[PDB]
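S.K.: Give me a model of this one.
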Amino acid sequence: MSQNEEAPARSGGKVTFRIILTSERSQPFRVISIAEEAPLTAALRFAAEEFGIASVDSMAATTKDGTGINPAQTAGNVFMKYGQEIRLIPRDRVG
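M.R.: Residues are numbered from 1 along each chain as shown. Please find the structure below.
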């Protein structure tokens, strides 16, 4: 029981995030576009491609300041805490 719905980016604020992937040497940069008032699920749809797997184990992101693991993955929380230029590192996948 699931229904796909479009994100409400038509009405609201739009925020873009750039994540550097270390798991994708060919393209270490995926951009997700979600509304500020949009749910973390919109990011998750593209995040799945970024993690390359549907597992929280690949949620070992680091921010420029240091630890920057994405928790709620909400647009507002990520924007204020890491914004763009966040690095994503997988855990238990590197080796």
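
S.K.: elements contacting the longest strand seen in the chain?
M.R.: Secondary structure of the chain per DSSP state E: the longest strand is strand 14-21. Applying 3 or more CB pairs under 8 Å, 6 or more residues apart in numbering; DSSP states H and E, we find strand 14-21 packed against strand 30-35, helix 40-51, helix 75-81, strand 86-89. Quick note: C-beta positions are derived from backbone N, CA and C, even for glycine.

S.K.: and that strand, C-alpha only, in PDB?
M.R.: Included here for strand 14-21 are C-alpha records, laid out as PDB according to Å, rounded to 0.1, in the frame of the first residue of the first chain:
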ATOM      1  CA  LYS A  14      13.000  25.200  -3.800                       C
ATOM      2  CA  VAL A  15      16.300  24.100  -2.400                       C
ATOM      3  CA  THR A  16      19.100  22.200  -4.200                       C
ATOM      4  CA  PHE A  17      21.700  20.100  -2.600                       C
ATOM      5  CA  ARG A  18      25.000  18.800  -4.100                       C
ATOM      6  CA  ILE A  19      26.400  15.600  -2.600                       C
ATOM      7  CA  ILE A  20      29.800  14.300  -3.500                       C
ATOM      8  CA  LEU A  21      29.700  10.600  -3.800                       C
END
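
S.K.: List the neighbouring strands of that strand plus their orientation.
M.R.: strand 30-35 (antiparallel), strand 86-89 (parallel) (DSSP bridges).

S.K.: now the ones you listed in a markdown table, with distance to residue 17 and mean neighbour count?
M.R.: Shown next, in a markdown table, are the strands paired with strand 14-21 (distance: least, CB to CB, whole Å; neighbours: other CB atoms under 10 Å):
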| stretch | distance to residue 17 | mean neighbour count |
| --- | --- | --- |
| strand 30-35 | 5 | 18 |
| strand 86-89 | 7 | 19 |
